[PDB]
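Input: a single structure, listed below in structure tokens.
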Amino acid sequence: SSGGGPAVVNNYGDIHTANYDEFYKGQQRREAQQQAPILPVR
Amino acid sequence: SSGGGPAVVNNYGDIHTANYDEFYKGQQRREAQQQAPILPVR
Amino acid sequence: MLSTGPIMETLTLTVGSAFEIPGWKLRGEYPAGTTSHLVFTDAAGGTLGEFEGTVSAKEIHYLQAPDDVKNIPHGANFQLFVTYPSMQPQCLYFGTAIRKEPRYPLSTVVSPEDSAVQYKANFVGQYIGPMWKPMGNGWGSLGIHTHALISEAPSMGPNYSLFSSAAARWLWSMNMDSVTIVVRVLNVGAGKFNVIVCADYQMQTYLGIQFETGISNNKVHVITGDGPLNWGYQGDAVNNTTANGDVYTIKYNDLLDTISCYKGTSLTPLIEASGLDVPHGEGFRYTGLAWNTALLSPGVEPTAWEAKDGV
Amino acid sequence: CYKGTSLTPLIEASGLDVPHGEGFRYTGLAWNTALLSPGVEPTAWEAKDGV
Amino acid sequence: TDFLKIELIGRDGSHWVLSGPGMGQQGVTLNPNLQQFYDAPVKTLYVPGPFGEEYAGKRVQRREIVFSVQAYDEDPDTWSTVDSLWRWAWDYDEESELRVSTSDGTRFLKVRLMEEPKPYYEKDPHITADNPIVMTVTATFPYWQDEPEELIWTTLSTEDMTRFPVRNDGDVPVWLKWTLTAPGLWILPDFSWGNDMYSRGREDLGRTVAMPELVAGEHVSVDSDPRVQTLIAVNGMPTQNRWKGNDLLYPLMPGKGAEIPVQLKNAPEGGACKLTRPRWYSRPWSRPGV
Amino acid sequence: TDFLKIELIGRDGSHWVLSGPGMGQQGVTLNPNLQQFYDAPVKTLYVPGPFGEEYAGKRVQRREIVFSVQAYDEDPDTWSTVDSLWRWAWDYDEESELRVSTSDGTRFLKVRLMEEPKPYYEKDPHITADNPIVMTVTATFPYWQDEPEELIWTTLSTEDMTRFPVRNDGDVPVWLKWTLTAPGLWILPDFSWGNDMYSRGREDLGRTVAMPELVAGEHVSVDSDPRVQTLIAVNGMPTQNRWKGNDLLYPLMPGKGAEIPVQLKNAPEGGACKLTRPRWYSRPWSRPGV
Amino acid sequence: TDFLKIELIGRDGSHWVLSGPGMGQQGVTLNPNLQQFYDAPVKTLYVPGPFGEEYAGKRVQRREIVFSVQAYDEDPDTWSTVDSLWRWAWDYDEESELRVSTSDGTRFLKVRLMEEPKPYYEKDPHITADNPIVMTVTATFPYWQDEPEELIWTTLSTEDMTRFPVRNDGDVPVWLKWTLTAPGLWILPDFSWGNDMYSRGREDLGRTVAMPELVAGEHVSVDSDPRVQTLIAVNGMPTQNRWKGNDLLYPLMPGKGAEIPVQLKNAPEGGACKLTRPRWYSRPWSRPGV
């Protein structure tokens with residue numbers, strides 16, 4: 001039952017419902033966390 | 001047979017299985033290739 | 001299709017087999033004077049073979065010796081023509097000849113480089129183990145003696161409950177003719193102990209070194225095998241004493257064909273024989289041990305055994 | 001140890017308290033000189049299983 | 001049927017009749033339901049506009065033909081020979097010819113294996129000796145074509161001119177090929193035929209372009225199709241390097257034809273030219289179009 | 001059928017006859033509908049072009065064979081023994097042979113377990129003692145193989161030369177392996193056979209590459225296969241550093257062969273050269289082609 | 001059948017016989033079609049290569065077992081008790097044992113609830129008192145296992161040595177555990193068994209590693225499996241901190257066995273050693289492998 005349907009689509013990963021804008025915003029947030037404290041205040 | 005199934009899904013392109021992580025990493029790698037040599041050593 | 005053509009068929013060729021086309025599958029109405037020929041050709045158009053079939057009133061028969069069809073390869077084209085009297089030849093069948101035979105990919109399967117092999121045995125378990133195959137006396141003719149009254153390692157010997165002399169063969173075979181057998185043995189009684197080299201799978205013919213330990217024997221012999229439990233001596237013999245925990249190295253050398261025995265660390269052969277008439281080579285690389293005691297008690301028996309391929 | 005082709009051991013020892021068997025079958029060489037110059041050195045080395 | 005014949009000439013030169021008169025004589029017939037075989041696949045382009053979308057142009061796509069053949073014989077050994085020969089008749093690197101013959105003539109398509117063939121049934125094929133092979137072949141050049149029409153004009157004069165009758169009777173524009181001898185300066189026609197692709201449809205009605213002055217022994221081939229470089233000398237000289245960015249821009253549009261002029265000057269020996277007009281079609285059979 | 005025999009030689013040396021004469025003697029038979037078994041999977045590359053897309057080359061893909069077997073026996077205990085033996089015949093790390101024997105000879109494929117087998121029905125297997133195992137095996141090397149041909153040339157001379165007869169009867173190019181003794185300077189053929197993948201198909205028709213001078217004990221294996229390093233010294237010395245950028249570039253193209261020349265010079269004790277030529281095919285069986 | 005017996009021992013110690021002799025005596029039987037139950041799931045890895053893809057390795061995956069049980073009783077109240085007991089037998093945080101007993105012995109798999117069970121039919125379950133529960137359990141450790149082989153060697157000597165006979169009869173590598181008393185310096189074997197994972201197959205054939213000198217009261221457990229830290233002392237001292245980057249690297253490969261040597265030195269009292277060899281299998285039942 002699970003093997004061969006949505007339960008294996010989940011194993012496939014982001015083939016069905018998965019959004020681009022949220023992923024891009026998350027990557028931007030991670031980069032901002034990485035780089036914000038080292039940017040100058042000027 | 002081929003026309004109207006997975007063989008035309010391939011023509012559609014990245015509608016089914018395709019992840020965002022390696023695409024973003026590849027874009028970052030291309031930008032790093034473009035910009036790394038011209039970044040100063042300081 | 002205004003003009004008829006031939007029929008595509010196949011012809012089977014086999015090495016060492018007569019090439020025959022039976023007449024019952026080439027049936028027809030052939031008047032006297034009708035001929036038939038079969039032509040085998042390669043891909044370039046060159047004739048690899050040409051044969052004439054026996055045309056009778058109702059059939060055409062082909063029959064060729066294997067030497068004629070030896071040189072036609074697998075996949076060569078063939079055409080069969082029948083010429084009626086006062087008429088032009090016509091092709092009945094055409095196609096490719098296949099070779100239906102065992103195919104040998106290796107040009108020469110040389111003897112594989114079976115590397116040197118080594119084995120050892122110490123006899124610490126309860127029973128002998130499957131690595132020793134009893135000979136002559138049959139299954140259950142071997143056993144382990146503890147020798148706890150002398151504080152020594154256990155030894156292999158015939159089970160003296162129902163046997164007095166018995167032989168065992170190593171389960172595996174050596175890969176080369178030259179071998180080395182190192183045995184650590186004890187002399188806790190009176191008897192004869194044979195180390196068997198270059199034996200057959202039944203231990204029918206072999207070289208061997210015999211240690212006789214007794215009140216008067218105290219001798220070492222070179223022996224030739226006739227049966228697992230019977231042997232014949234070769235040459236003279238050397239007087240020898242066997243103490244407990246005595247190590248003897250029996251080396252058989254194929255080149256410079258010889259058998260020799262060394263005691264302990266000395267490289268001088270205590271006994272040596274050369275030119276013994278025993279078959280060698282493949283199938284005669286088995287090693288073994290044998291015991292023969294007049295009484296029903298252990299005599300001279302090994303506590304440790306070791307075999308190495310090559311000298 | 002046998003020197004040259006002599007059939008009698010040049011030196012011999014027995015019963016040394018060293019573990020034997022599997023896991024203790026490695027071999028090697030060693031050198032120690034007081035001076036910074038070659039002393040006794042092996043031109044050729046060969047090892048063989050068994051005796 | 002006798003109205004249509006389909007043949008395959010393999011890369012090895014083997015000849016097979018899949019359908020039509022004499023089909024199956026070599027052991028292979030053509031199963032029904034073959035796709036992307038008749039019309040050349042074309043996709044059209046659209047830009048956003050006030051009333052929805054506006055036409056932007058068309059592009060012709062490569063043919064992805066999927067078809068099944070049936071290899072048959074009475075005995076399994078001969079069936080195996082037939083199947084092996086059929087497999088040998090195909091390749092990936094080089095293309096085999098697929099000819100269609102009707103009352104409109106014979107038109108051929110060059111096809112290669114797009115992927116591995118799918119042979120046989122579920123069980124082993126020696127049981128049946130009659131097995132289907134599904135084949136996915138591809139046509140990089142998607143147009144069906146006939147043998148090109150060739151004309152030759154030779155002269156001995158130092159300066160001369162000639163007229164070549166040209167007419168596209170097919171469905172699609174064709175690209176002319178020229179073979180010009182050396183030495184000599186040629187002027188070749190590049191008529192627009194009213195084609196407005198560069199917004200010069202009637203400005204280039206009588207366009208003529210001068211090839212660079214060819215030196216002795218530098219016979220050139222001038223192929224106007226975009227697949228290949230335009231100017232190529234047979235002695236290896238870099239002729240197009242001397243051409244200042246000039247080129248042939250216009251194909252022979254369908255339904256168009258005229259007496260195109262060829263001019264030769266400064267030819268002390270007096271040279272020759274050959275015009276090759278391809279006959280490309282988008283369909284295996286079609287009535288001629290005026 | 002007697003025309004086709006399929007065997008498996010397991011990683012533990014077990015011999016199973018799945019189809020053909022003697023099938024099922026070991027308890028396991030082969031079920032129909034086995035995929036990617038006959039033709040080597042090849043993908044073709046296409047790049048945009050003027051008339052759609054243009055052919056850009058081919059890449060062969062690893063084989064993925066999904067096939068079912070049936071393990072059967074009269075009693076559940078011995079059936080369980082058979083099923084356990086069949087499972088023991090396979091592994092993930094090490095490969096086992098799948099051999100196909102027909103009138104064209106015997107050709108094998110090295111296959112390994114791609115994933116875990118899917119055994120039995122939905123109920124208890126001991127109920128029926130006759131159960132199917134679904135195997136998804138993979139062939140990293142997708143070509144069916146025959147036993148490679150080995151040729152030996154031993155010479156006692158300081159300088160000598162020999163002609164190795166070589167011929168590719170398969171449908172795919174093969175890569176030769178050389179085993180050269182030391183000391184000595186070897187010259188080995190790197191003939192292009194007309195292969196033009198380095199733009200030197202005619203320039204390298206009789207190309208010979210001189211291996212670096214070998215010191216005593218530096219026996220070398222010189223394998224043209226891209227999967228392995230070309231020069232490998234048996235004692236571990238870096239011998240490719242003395243090779244100055246030269247390499248063996250060309251495989252043995254299909255349908256090509258000759259007496260390739262091998263030269264030995266400066267050999268104080270002679271030398272021995274072994275040539276191993278693989279015999280690769282894309283199908284379990286096929287008639288010879290030329 | 002009587003050739004196979006399946007039991008569940010819940011988190012609370014309850015015992016259920018789902019299949020085999022005496023099945024259903026506790027009210028719960030096993031429905032057909034249980035999946036990912038026999039073979040341990042493994043995914044194989046492949047890198048791009050010249051001939052397609054090259055084998056890169058294998059990874060064993062966790063078991064995701066979906067199976068149905070059927071809880072039944074004559075009266076709905078007793079059915080409710082049975083259903084509640086079955087629910088109490090399972091948990092998410094702690095694992096329950098699933099034992100398979102055949103002629104090859106009894107092997108157990110530790111499984112936990114992967115998600116909420118799906119009970120009952122479309123109507124209320126008291127109508128029938130015979131209802132199915134669909135269970136999606138998971139095995140984080142995917143190998144079926146038996147009780148490990150344990151050996152003990154105690155001594156009174158200050159310096160001593162022993163040999164432990166060891167042999168992997170299963171189809172998967174197992175990781176050894178040691179229990180070593182203190183004080184004393186131990187030399188433990190880490191034989192490669194010819195395994196080439198570190199490219200030191202026969203280089204590490206007789207590898208032995210020295211544990212750090214244990215002080216009084218610092219009895220240690222040395223577990224080679226990667227799930228757990230190697231050195232753990234019973235008194236909480238950081239023994240591994242004194243073990244300067246050393247580790248046990250090799251598992252006992254299948255089909256391999258020997259008399260592994262253990263050495264004890266600097267032990268004034270004379271210590272004790274215990275060796276635990278797990279019996280891991282990839283299948284609920286299998287004949288012993290040699």
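Following the order of the structure tokens, chains are lettered A, B, ..., residues in each are numbered from 1, and ligands are numbered from 1.
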
Report task. Within 10 Å of chain G, which residues of chain A are there when counting only C-alpha atoms? Please give them as a PyMOL selection string. Result -> chain A and resi 1-3

Would you save the residues of that selection, restricted to N, CA and C atoms, as a PDB file, in the first residue's frame?
ATOM      1  N   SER A   1       0.824  -1.201   0.000  1.00  0.00           N
ATOM      2  CA  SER A   1       0.000   0.000   0.000  1.00  0.00           C
ATOM      3  C   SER A   1       0.862   1.256   0.000  1.00  0.00           C
ATOM      4  N   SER A   2       1.769   1.349   0.976  1.00  0.00           N
ATOM      5  CA  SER A   2       2.632   2.522   1.069  1.00  0.00           C
ATOM      6  C   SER A   2       3.627   2.576  -0.083  1.00  0.00           C
ATOM      7  N   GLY A   3       4.259   1.448  -0.403  1.00  0.00           N
ATOM      8  CA  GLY A   3       5.223   1.409  -1.484  1.00  0.00           C
ATOM      9  C   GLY A   3       4.583   1.485  -2.853  1.00  0.00           C
TER      10      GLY A   3
END

Query - Secondary structure check, strand (DSSP E) residues of range 100-231 of chain C, as a ChimeraX atom specification - result: /C:118-121,132-135,142-145,155-158,165-170,179-187,191-199,207-213,219-225,231

Query raised in the report: When distances are computed from only C-alpha atoms, which of E:19, E:224, E:25, E:145 shows the smallest separation from chain C?
Result: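 The closest residue to chain C is E:25.
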
Query raised in the report: After a least-squares superposition of chain A on chain B over all Cα atoms matched in order, what is the RMSD to one decimal?
Result: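 Between these identical-sequence chains, the C-alpha RMSD is 0.1 Å.
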
Query raised in the report: Once chain F is best-fit onto chain G by all Cα atoms in order, what RMSD in Å is left?
Result: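 The superposed chains show a C-alpha RMSD of 0.6 Å.
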
I want to know what sits within 7 Å of range 234-237 of chain E, based on only C-alpha atoms, with residues of the same chain fewer than 5 positions away left out; could you give that as a PDB file with C-alpha atoms, in the first residue's frame?
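The result, written out as around_4.pdb:
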ATOM      1  CA  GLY E 217      42.812  25.398 -58.030  1.00  0.00           C
ATOM      2  CA  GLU E 218      40.431  26.791 -55.393  1.00  0.00           C
ATOM      3  CA  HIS E 219      37.141  25.296 -56.532  1.00  0.00           C
ATOM      4  CA  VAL E 220      34.473  26.130 -53.981  1.00  0.00           C
TER       5      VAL E 220
END

Query - Contacts of residue 24 in chain A at 12 Å (only C-alpha atoms; same-chain gap of 3+ positions) as a PyMOL selection string - result: (chain A and resi 18-21+27-31) or (chain B and resi 20-21+23-25)
